[PDB]
Amino acid sequence: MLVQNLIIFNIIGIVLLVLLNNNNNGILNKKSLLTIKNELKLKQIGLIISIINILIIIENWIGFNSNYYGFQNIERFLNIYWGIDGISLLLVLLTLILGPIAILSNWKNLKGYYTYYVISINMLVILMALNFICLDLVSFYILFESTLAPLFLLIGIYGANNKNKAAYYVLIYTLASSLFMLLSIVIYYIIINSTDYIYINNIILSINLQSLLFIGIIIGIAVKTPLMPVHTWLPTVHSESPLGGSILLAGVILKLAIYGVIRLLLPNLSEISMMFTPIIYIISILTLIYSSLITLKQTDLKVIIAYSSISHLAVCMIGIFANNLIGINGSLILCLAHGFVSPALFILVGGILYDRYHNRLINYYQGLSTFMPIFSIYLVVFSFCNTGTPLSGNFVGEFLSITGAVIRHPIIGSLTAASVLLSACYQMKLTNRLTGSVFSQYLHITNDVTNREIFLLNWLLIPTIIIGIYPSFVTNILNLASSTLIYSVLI
Amino acid sequence: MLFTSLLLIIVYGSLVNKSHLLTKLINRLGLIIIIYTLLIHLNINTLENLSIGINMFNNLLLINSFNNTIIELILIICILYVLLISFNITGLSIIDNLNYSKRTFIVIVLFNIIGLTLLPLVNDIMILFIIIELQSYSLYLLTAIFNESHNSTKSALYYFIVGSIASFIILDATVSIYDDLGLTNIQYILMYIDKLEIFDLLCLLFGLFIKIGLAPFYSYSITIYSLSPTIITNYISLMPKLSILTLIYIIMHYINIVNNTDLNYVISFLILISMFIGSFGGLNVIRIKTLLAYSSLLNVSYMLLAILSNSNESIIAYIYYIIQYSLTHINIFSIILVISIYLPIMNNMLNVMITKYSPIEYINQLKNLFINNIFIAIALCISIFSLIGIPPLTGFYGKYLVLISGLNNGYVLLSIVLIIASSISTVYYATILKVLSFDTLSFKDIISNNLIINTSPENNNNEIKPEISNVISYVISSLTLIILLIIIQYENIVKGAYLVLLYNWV
Amino acid sequence: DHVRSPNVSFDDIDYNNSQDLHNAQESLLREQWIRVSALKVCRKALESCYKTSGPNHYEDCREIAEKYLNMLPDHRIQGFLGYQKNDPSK
Amino acid sequence: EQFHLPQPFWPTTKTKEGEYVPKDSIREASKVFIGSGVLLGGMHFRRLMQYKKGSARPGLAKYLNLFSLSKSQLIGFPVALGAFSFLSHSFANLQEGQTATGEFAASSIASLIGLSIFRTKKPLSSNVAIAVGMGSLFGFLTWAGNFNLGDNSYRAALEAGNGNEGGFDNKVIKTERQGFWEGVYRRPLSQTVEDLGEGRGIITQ
Amino acid sequence: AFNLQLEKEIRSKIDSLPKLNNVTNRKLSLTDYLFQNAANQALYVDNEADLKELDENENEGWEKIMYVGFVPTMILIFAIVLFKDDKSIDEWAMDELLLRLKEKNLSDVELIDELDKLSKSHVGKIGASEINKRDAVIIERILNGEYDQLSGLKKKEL
Amino acid sequence: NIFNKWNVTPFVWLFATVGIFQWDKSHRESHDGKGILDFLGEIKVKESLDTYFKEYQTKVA
Ligand SMILES: CCCCCCCCCCCCCCCCCC(=O)OC[C@H](COP(=O)(O)OCCN)OC(=O)CCCCCCCCCCCCCCCCC
Ligand SMILES: CCCCCCCCCCCCCCCCCC(=O)OC[C@H](COP(=O)(O)OCCN)OC(=O)CCCCCCCCCCCCCCCCC
Ligand SMILES: CCCCCCCCCCCC(=O)OC[C@H](COP(=O)(O)OCC[N+](C)(C)C)OC(=O)CCCCCCCCCCC
Ligand SMILES: CCCCCCCCCCCC(=O)OC[C@H](COP(=O)(O)OCC[N+](C)(C)C)OC(=O)CCCCCCCCCCC
């Protein structure tokens with residue numbers, strides 16, 4: 001009643017848009033009415049499709065039991081079993097919420113082919129959402145890499161000047177690494193004859209084989225979070241992909257790596273995850289520290305936002321690999337909070353400034369609060385949210401992730417507290433420059449934030465504050481599901 | 001059915017007058033012959049009855065369930081190929097009349113189909129030499145069917161010499177086995193599998209490796225495929241691999257009885273080199289058929305890893321991979337032939353010369369296909385993403401099953417290498433996709449009144465005239481959706497592969 | 001209504017029975033959350049004792065404070081994977 | 001107490017102490033050096049005859065130039081291969097077996113020895129980078145288990161009863177460590193302490 | 001309402017002006033995008049490009065969709081996290097601890113009195129709080145008795 | 001205008017949320033604690049869910 005309805009409705013939605021727009025393509029030299037106002041009636045139908053997708057998961061949410069251990073809403077479809085637990089439920093909701101937001105971001109800033117863009121966006125949202133509700137490794141990998149084909153074409157068609165380089169980076173970095181994860185999946189299907197989540201969690205493999213499987217899986221995950229030193233693709237992709245592509249990539253795709261740790265490493269390779277935890281912390285701590293310092297020297301406006309996501313997800317990787325409930329819950333809270341603040345920073349940079357001046361260099365902008373006060377209000381508020389200031393969901397996620405890290409490793413896990421200072425260093429230096437001093441001599445006075453851009457910023461800000469002030473909305477769902485991932489024998 | 005109908009077509013073609021219309025109608029007669037052959041073969045041959053294996057013609061031929069599946073695949077793929085020459089591919093006389101110019105086109109194809117089907121069935125070293133030459137000679141004639149083309153005759157000359165050397169190696173291997181044992185029947189030879197020089201069978205495989213363009217003998221295959229016409233390259237680059245790879249699997253099945261580790265290492269060494277050349281070779285090329293030739297070499301290497309393992313999972317992997325690769329091979333070449341109608345007409349720098357035999361010869365000739373025909377461009381994109389291995393397309397499951405057999409049998413080095421080679425080959429695969437679509441938004445507001453299709457006269461200015469004929473467009477539509485929607489019926493198809501037995505039984 | 005834990009031990013089941021294994025995992029988790037609930041109640045006693053005692057909190061809440069510090073290292077969620085996959089007797 | 005680090009190493013057949021009869025490094029290396037020199041030298045003279053057979057045919061000359069080796073290459077190649085054979089056998093005897101570390105050292109040093117002969121007109125650091133690259137490839141080759149795992153594969157383990165064909169049983173606990181490809185339902189707690197150690201949640205808090 | 005004659009009047013005024021860059025009561029029904037023929041459709045589009053050329057950031061076509069479909073959807077999500085009968089595992093464990101308190105000390109008259117008058121909404125508020133309630137004996141029994149059975153599930157020791 | 005489109009909206013959400021909150025508070029006193037959203041459906045229980053799990057693990061095995 002979930003995956004069957006979600007796939008069938010969206011497939012029908014894809015067919016409906018294709019039939020309408022491509023009916024008169026037969027060298028008719030026609031004008032037609034669907035294409036009037038930049039294909040408004042075709043963008044509207046796709047926007048309605050994204051909204052309905054949210055209602056589909058809400059109907060199943062009503063029947064969700066937070067006191068039930070194990071997967072719920074178990075369903076067989078396409079010879080694949082699908083299920084939902086506490087962790088999967090929240091990540092699906094975040095993915096579907098960003099659907100309409102991504103479409104609304106590129107409402108009237110594309111040079112054409114809106115129908116192709118709308119179908120690609122909705123296809124990506126569903127494929128990523130389905131990746132949270134699959135119950136085997138093979139189905140996980142199929143949806144993990146199926147998003148590459150729509151995303152490669154989306155970046156190469158609607159991208160910026162260097163779209164060709166960005167399309168090659170995302171296609172090759174995320175495929176060459178995921179193939180190493182496929183090797184570990186193939187090994188599971190050879191020695192156990194199954195890749196089911198429940199089946200493989202109860203099997204203990206040899207300590208040498210678990211080391212080989214962990215390395216294969218972690219390569220695909222580490223590239224996708226991303227972690228240093230396999231992170232160089234992400235700044236290029238964000239700086240060239242369209243705004244809607246950046247929102248999905250920053251808001252959903254990077255969260256699949258954290259969810260991949262939950263499904264593919266913790267419950268099935270528990271013994272080797274404990275051994276690898278010091279190594280993961282060292283890589284993630286250096287990823288956090290180095291990315292913050294590298295961000296201080298960047299001149300591209302959208303690249304600065306791209307590096308900020310790397311530092312935050314390093315905290316998520318640190319928290320999710322802590323062997324206590326505090327670190328695990330905090331990592332999941334930070335992923336949800338990052339799923340809203342990070343797209344907003346791209347919207348402010350790549351959707352408001354870029355759509356007016358079309359230049360992403362930092363030297364052209366200063367003193368924007370003089371003639372764009374509404375823009376500066378959101379820019380300052382989202383800057384403090386991105387830095388982990390309290391009352392925002394990022395602070396709840398960061399504090400619990402740091403606390404869980406210290407509980408897991410008091411000595412080296414204490415270094416995660418440097419995110420409080422380092423994140424404010426690069427984020428505020430950008431915000432202080434964009435709002436301080438006199439208005440830029442290289443800019444002409446133009447419109448402030450419009451109603452459409454106000455809507456995008458407000459409804460990304462609201463979930464962050466609600467989670468920040470009352471995170472018990474999220475913790476209650478996660479507590480039973482997250483408690484299963486802990487491996488300890490206290491005697 | 002094939003032999004009897006071939007003789008009738010030979011006599012009939014030489015009696016009626018020489019014309020393009022009669023040749024096309026004779027091509028349709030050949031289509032009916034292959035369809036009738038498929039119906040007769042399906043009526044008498046079943047998977048369950050052939051599981052044990054049945055000898056024929058004084059044990060010179062041996063048919064089992066593994067052999068029968070490939071024969072059915074060979075007939076089906078040949079049906080789709082005849083549709084190219086039995087119907088219009090572009091609807092333009094200046095382009096399509098090349099297929100109707102040679103009357104012996106359908107005759108030579110029927111000669112080769114007999115060789116292709118009987119080759120996996122060989123049970124004697126004498127008939128093995130006879131059939132492999134019957135298949136080889138038919139390929140030389142088809143490569144030289146356009147005898148007015150300098151490149152076609154040059155390629156056939158190259159094809160003849162390389163294949164003749166391979167045939168000599170095959171003959172030299174079989175003669176050496178006869179000297180050691182004195183027996184010609186394979187089943188009799190299997191009685192002495194532990195007392196004959198097993199490296200003589202490696203000499204036999206070396207001759208077969210040449211005929212499939214395996215490294216280090218890859219060079220001639222790439223040269224021949226690029227020079228030959230697209231209608232000829234579509235056949236000679238796929239059909240020989242359907243039969244020879246099946247025969248190689250049977251020979252490797254017999255070799256694994258003694259399990260010579262040295263034999264496996266030599267074949268592993270050739271597979272390793274073929275993945276290096278197959279991946280890095282296509283990175284710097286400008287011809288589409290040259291790119292596909294490297295793609296063909298790489299994919300054969302993937303299948304050889306399954307063949308080398310030679311286990312129960314290998315049967316599932318090989319049967320699935322060969323079927324889906326053939327459908328992708330047909331789909332890509334079908335699109336290439338059609339999209340020649342969107343080529344701009346000059347009305348110069350680099351003095352580029354394009355002939356009627358290969359209207360599409362460079363990768364950049366596929367520019368603006370997203371604008372020219374969005375449905376055809378997506379169909380090509382689906383096919384290319386299948387060759388890359390993007391799930392849930394047919395290509396991913398082929399590589400997924402090959403990896404299962406490779407890692408189960410302990411080929412860790414080859415499995416890791418095949419995945420690095422897949423990533424390297426994705427670079428030139430993505431280049432095709434870049435040419436198709438990456439300039440759509442800048443060329444959307446462009447005017448193209450100089451395309452080839454624009455030269456086609458209209459009927460009455462009110463008839464809705466399709467740009468593509470009914471048959472070729474339907475085949476592309478069917479093959480594209482089968483590649484795309486394999487997840488719907490993937491579970492049942494593999495269950496069919498579960499029942500294909502090569503003397504497994506229990 | 002208030003559904004109760006289906007008390008089941010990993011030492012009295014066969015892991016091949018997926019239902020019995022599922023109950024053992026759930027039963028162990030539910031007992032660990034009761035310990036956390038007990039720890040929070042005991043901490044509430046310490047908080048109430050500290051406020052009312054004032055400068056007498058060292059003496060009035062001595063036993064309560066000692067009990068809290070002893071239970072704290074182990075009155076937390078530990079999961080089931082550790083005990084499911086390990087045999088202490090060996 | 002050594003650190004508890006992961007061991008991503010494929011299974012290898014081990015020889016007990018007293019086994020592993022050492023390999024004669026000099027004799028094995030001399031066969032490669034002499035054999036390579038005769039073939040490379042022999043083919044060089046043969047290719048010279050092909051040049052003299054005809055020098056007015058551009059097609060023949062183009063292919064002969066590709067296969068032609070310079071004098072330094074004709075000397076460098078047998079020395080590099082000979083050094084590779086010696087170091088690979090010499091390092092294997094020291095460790096009582098062939099390891100990726102020894103093959104990385106044998107390949108990198110031998111390649112650098114060869115590179116210094118036929119690549120003289122290049123910077124030394126350029127030859128070091130290639131030697132590291134060449135050595136890493138053969139180290140990866142040994143780490144992967146050469147071209148095949150052989151009797152250490154899962155298929156070999158499955159035939160020997162070391163696989164997972166019989167299912168799993170939690171009521172049976174094996175004191176000895178399981179096979180490389182073998183999976184179990186429940187493991188001894190002592191083995192977990194051996195792999196991870198006491199500390200962050202094992203036994204003690 | 002297509003109003004074909006309205007486009008005829010509009011087009012004439014545009015055609016009356018040979019120069020360019022030198023009506024409000026107009027709409028389209030859903031059937032206009034699918035049932036209109038070629039002759040009528042082409043007239044609307046030619047007018048629309050010219051009329052738009054004769055010319056802030058309003059009536060973009062998204063307002064009705066988002067404020068009817070998206071915003072109420074977010075309200076429903078807010079309602080679910082607020083007013084749904086969800087018992088989290090920690091909330092269940094608190095009730096179980098008090099239930100096991102009753103089931104182990106059924107002979108204590110004082111304990112039963114406080115539990116009966118301890119309302120469900122105040123079950124999870126044990127301790128110092130604004131609510132005037134008697135729970136001192138409830139806390140005292142918990143401080144003296146271990147009501148968890150974790151040792152019972154662990155029947156194997158070192 | 002102090003009662004414009006932008007000033008009124010935040011206050012409307014507060015009034016609607018508090019009014020519904022009190023409505024839910026009153027709805028639980030007379031319905032044994034059941035909330036206002038009980039009309040949409042009910043939370044599924046372990047007994048029925050485990051039946052799906054048992055059949056799910058049977059097919060996987
Ligand atoms: C953190 C993310 C990491 C992701 C990437 C991980 C892999 C990184 C690989 C690092 C090595 C490549 C990068 C450095 C190579 C640079 C090449 C170069 O600089 O020039 C090519 C070189 C000749 O040098 P030259 O042409 O004169 O250039 C001027 C130099 N001053 O030409 C040479 O001399 C090269 C040596 C000859 C070619 C050797 C080829 C043997 C095989 C190499 C491995 C291929 C394995 C493929 C496996 C699948 C196919 C089998
Ligand atoms: C002594 C007899 C000859 C040696 C045997 C050659 C045949 C077997 C090799 C198989 C590949 C066949 C390639 C075609 C035959 C090579 C003919 C040749 O030697 O030409 C040399 C060619 C041109 O060299 P060039 O420097 O440009 O011209 C010299 C002018 N003075 O230089 C080349 O580019 C040729 C090299 C082709 C690339 C082959 C690479 C194979 C893969 C090697 C790496 C393995 C990949 C996996 C790595 C990890 C393994 C664990
Ligand atoms: C969940 C399962 C979905 C699978 C099927 C999806 C539809 C496939 C396309 C068929 C219809 C078509 O090609 O139509 C084209 C449509 C409509 O675009 P348009 O602007 O009207 O076209 C231009 C014509 N103009 C200019 C006259 C208006 O655009 C698309 O290509 C969108 C869908 C494909 C996105 C991803 C492509 C790569 C897929 C790789 C899969 C691994
Ligand atoms: C284990 C984790 C793996 C992570 C991914 C590995 C690295 C990916 C590199 C992206 C390449 C790319 O994008 O291909 C596109 C680039 C284009 O280069 P460009 O950006 O235009 O600049 C260069 C062009 N110039 C100089 C003109 C400005 O062509 C290449 O480089 C071609 C070779 C790519 C081979 C990748 C194979 C990887 C094998 C698997 C890992 C051993």
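Throughout, a chain's letter reflects where its sequence line sits, starting with A, and its residues are numbered from 1. Start at 1 and go down the list; that is how both ligands and their atoms are numbered.
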Under 4.0 Å from a heavy atom of [X]: which atoms of ligand 1 are those, numbered in the order shown and with their elements?
{"X": "B:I420", "value": "48 (C), 49 (C)"}
{"X": "D:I130", "value": "34 (O)"}
{"X": "A:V230", "value": "1 (C), 2 (C)"}
{"X": "A:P229", "value": "1 (C)"}

(request) Give me the ring orientation class for D:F77 and D:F118: parallel if the planes are under 30° apart, tilted from 30 to 60°, perpendicular past 60°. (result) perpendicular
(message) Tell me whether the rings of B:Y490 and B:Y397 are parallel (<30°), tilted (30 to 60°) or perpendicular (>60°).
(response) parallel
Which ligand 3 atoms, with their elements, are less than 4.0 angstrom from a heavy-atom of [X]?
{"X": "A:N21", "answer": "19 (P), 20 (O), 21 (O), 28 (C)"}
{"X": "B:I378", "answer": "9 (C), 13 (O), 31 (O)"}
{"X": "A:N25", "answer": "24 (C), 25 (N), 27 (C)"}
{"X": "A:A149", "answer": "40 (C), 42 (C)"}
{"X": "B:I374", "answer": "15 (C), 22 (O)"}
{"X": "A:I119", "answer": "32 (C), 33 (C)"}

(message) If we ignore hydrogens and angles and just use 3.5 Å, is the side chain of B:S423 paired with the main-chain N or O of B:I420 as donor and acceptor?
(response) yes
(message) Using a 3.5 Å distance criterion without hydrogens, assess whether the side chain of A:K43 forms a donor-acceptor pair with backbone atoms of A:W107.
(response) yes
Please find out if less than 6.0 Å separates the ring center of [X] from that of [Y].
{"X": "D:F138", "Y": "D:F84", "value": "yes"}
{"X": "B:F443", "Y": "B:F370", "value": "no"}
{"X": "A:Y158", "Y": "A:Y117", "value": "yes"}

Contact bool for [atom] (protein heavy atom, d < 4.0 Å):
{"atom": "atom 23 (C) of ligand 1", "value": "no"}
{"atom": "atom 15 (C) of ligand 1", "value": "no"}
{"atom": "atom 7 (C) of ligand 1", "value": "no"}
{"atom": "atom 34 (O) of ligand 1", "value": "yes"}
{"atom": "atom 4 (C) of ligand 1", "value": "no"}
{"atom": "atom 49 (C) of ligand 1", "value": "yes"}

(message) Heavy-atom pairs closer than 4.0 Å: do any link ligand 3 to the side chain of A:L153, the backbone, both, or neither?
(response) side chain
(message) Residue-level breakdown please: for A:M123 versus ligand 3, do any non-hydrogen atoms fall below 4.0 Å on the side chain, on the backbone, on both, or on neither?
(response)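 Looking at A:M123 and ligand 3, just side chain atoms fall under 4.0 Å.
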Going from [atom1] on [X] to [atom2] on [Y], what distance comes out if it is rounded to the nearest 0.5 angstrom?
{"X": "A:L154", "Y": "A:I119", "atom1": "CG", "atom2": "CD1", "answer": "12.0 Å"}
{"X": "D:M134", "Y": "D:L115", "atom1": "CE", "atom2": "CG", "answer": "5.5 Å"}
{"X": "B:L436", "Y": "B:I374", "atom1": "CG", "atom2": "CD1", "answer": "9.5 Å"}

(request) Validate the cation-pi geometry between B:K434 and A:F152: distance from NZ or CZ to the six-membered ring centre under 6.0 Å, angle to the ring axis within 45°. (result) no
Distance-only criterion, 3.5 Å: show the donor-acceptor pairs between side-chain atoms of residues 170-182 of chain A and protein atoms not counting sequence neighbours.
unit_1	atom_1	unit_2	atom_2	d
A:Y173	OH	A:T232	OG1	3.0
A:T174	OG1	A:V170	O	2.3
A:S177	OG	A:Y173	O	2.7
A:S178	OG	A:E145	OE1	3.3
A:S178	OG	A:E145	OE2	3.3
A:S178	OG	A:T174	O	3.0
A:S178	OG	A:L175	O	3.0

(message) Test of understanding: with ring pair (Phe, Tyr, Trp, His ring centres under 6.0 Å), list the residues that count as partners of A:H231, not counting sequence neighbours.
(response)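 Ring pair (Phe, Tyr, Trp, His ring centres under 6.0 Å) check on A:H231 returns nothing, list empty.
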(request) With sequence neighbours excluded, tell me which residues meet ring pair (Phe, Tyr, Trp, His ring centres under 6.0 Å) with B:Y302. (result)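 Counting only residues at least two positions away or on another chain, B:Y302 forms no ring pair (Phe, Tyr, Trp, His ring centres under 6.0 Å).
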(request) For A:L248 and A:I121, run side chain to side chain contact (heavy atoms under 4.5 Å, CB included): C-alpha distance rounded to whole Å, both residues' side-chain angles, the deciding distance at 0.1 Å, then the answer. (result) CA-CA 8 Å; A:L248 290 183; A:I121 292 297; 3.9 Å; yes
(message) Geometry only, no angles: is A:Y113 polar-contacting ligand 3 at N/O separations under 3.5 Å?
(response) no
(message) A:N22 versus ligand 3: do any nitrogen or oxygen atoms come within less than 3.5 Å of each other?
(response)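 Min N/O separation from ligand 3 is below 3.5 Å for A:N22.
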(request) Please examine the side chains of B:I382 and B:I378, heavy atoms only from C-beta on, and report whether any two atoms are closer than 4.5 Å. (result) yes
(message) Measuring only between side-chain heavy atoms, which start at C-beta, is A:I283 closer than 4.5 Å to A:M228?
(response) no
(request) Using a strict cut-off of under 4.0 Å between a residue heavy atom and any atom of ligand 4, list the qualifying protein residues by chain and number. (result)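 A:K165, A:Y168, A:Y169, A:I172, A:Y173, A:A176, A:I219, B:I420, B:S423, B:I424, B:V427.
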Could you check [atom] against the protein and tell me its nearest heavy-atom contact, residue, atom and distance included?
{"atom": "atom 47 (C) of ligand 1", "value": "B:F280 CE1, 4.0 Å"}
{"atom": "atom 43 (C) of ligand 1", "value": "D:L137 CD1, 3.8 Å"}
{"atom": "atom 27 (O) of ligand 1", "value": "D:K122 CE, 5.0 Å"}

(request) Search all heavy atoms of D:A110 against all heavy atoms of D:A80 and return the closest pair with its distance. (result) CB-O, 3.5 Å
(message) Tell me whether ligand 3 is touched by A:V18 - counting only heavy atoms on the residue side and a distance under 4.0 Å.
(response)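 Flag set, A:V18 near ligand 3.
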